[PDB]
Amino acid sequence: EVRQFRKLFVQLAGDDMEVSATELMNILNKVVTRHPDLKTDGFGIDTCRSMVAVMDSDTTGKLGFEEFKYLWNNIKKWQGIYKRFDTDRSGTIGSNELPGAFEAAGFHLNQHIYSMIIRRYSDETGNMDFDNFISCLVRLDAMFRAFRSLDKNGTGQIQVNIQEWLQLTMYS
């Protein structure tokens, strides 16, 4: 099943043997059409550039095998959670559903943080579609990992200069 993954990766990556934002967008839009359970206006290029940026830990501007595997495995896990926590079968994650879904993804957040996420990622009814949900979790996962790596003494506080700040806020 690592065999299947390398075949898919080689086909998706083409000549440069890495996955661009455009190649990621095209494969995610293909996968999502096979799941009419997942309401979405589609993965757009800006969301895909953002997902490549937070996953591009070697700074090549595209996803190699290990960066793509980490992202792809996250997307498969979060797809399963999306369907299970869509209790009203809207094809979307409502404000009442989002806490349970994020808890299952391993993010124990307080209601003030849930409110700001719904404000920034959900529509005027407080519903989040599939591309928005995956985009939110890829960023949330990356921002937790960046915080962990900078909080060496485990105090719940990190210190950054302007270059580390721009790297973590702009390359996203």
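Sequential numbering from 1, following the sequence displayed.
Between 113-121 and 33-41, it is 33-41 that carries the larger average Cα temperature factor according to the deposited entry. Stretches compared: 154-162, 15-23. Higher mean C-alpha B-factor in the entry: 15-23. For residue 56, the recorded CA temperature factor ranks within the middle third of the chain's modelled residues. Per the deposited record, the Cα B-factor of residue 78 falls in the middle third when ranked against the other modelled residues of its chain. When the modelled residues of the chain are ordered by their C-alpha B factor, residue 62 lands in the middle third.
Among all modelled residues in this chain, the alpha-carbon of residue 85 has a temperature factor (C-alpha) in the highest third.
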